[PDB]
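# Quick one, structure for this:
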Amino acid sequence: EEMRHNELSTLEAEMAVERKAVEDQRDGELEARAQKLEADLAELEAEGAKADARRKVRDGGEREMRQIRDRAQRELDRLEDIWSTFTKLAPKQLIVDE
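Numbers count the residues shown, from 1 in each chain. See the structure here:
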């Protein structure tokens with residue numbers, strides 16, 4: 001208990017720092033594919049290409065964002081799960097997922 005009791009605040013601060021770094025990676029993804037989506041704009045609405053084929057790259061970029069934020073949300077949920085497990089760690093408990 002005691003070391004968990006006082007380092008819960010410290011380790012939750014470390015968790016906040018880690019999730020802030022995760023969100024730094026996440027808005028790095030946001031900015032990178034926002035730039036690539038405006039590149040889709042510039043290589044799409046600047047030619048005589050099909051009015052949908054010019055937005056096919058737009059949809060591809062936005063779908064890349066949906067799946068990328070899915071990745072980020074899933075690993076953040078994994079971290080939330082491990083934190084909840086660490087708080088609720090008790091003797092005679094079965095940890096699986098090595």
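# what phi and what psi does the backbone show at residue 51?
Residue 51 adopts backbone torsions of phi -60, psi -20, taken as degrees, to the nearest 10.
# Now for it, how many residues are close by?
Using other CB atoms under 10 Å, residue 51 has 9 neighbouring residues. C-beta here means a position set from N, CA and C on the backbone, and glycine is covered the same way.
# how much space between it and residue 44?
Look at residue 51 and residue 44: by CB to CB, to the nearest Å, they are 10 Å apart.
# repeat for residue 4
The spacing between residue 4 and residue 44, counted by CB to CB, is 54 Å.
# Neighbour count: those two, which is higher?
Legend: neighbour count by other CB under 10 Å for residue 4 and residue 44, higher for residue 44 (18 against 11).
# hang on, isn't that one packed against residue 60?
No: if you go by CB atoms under 8 Å, residue 44 and residue 60 don't touch, sitting 10.7 Å apart.
# what residues are shared contacts of these two?
Counting by CB atoms under 8 Å, 6 or more residues apart in numbering, residue 44 and residue 60 have no shared contacts at all.
# how close does the spatially most central residue of the chain sit to residue 49?
The chain has residue 72 as the residue nearest its centroid, 1.9 Å off, counting by CA atoms, centre = their mean. According to CB to CB, residue 72 and residue 49 sit 32 Å apart.
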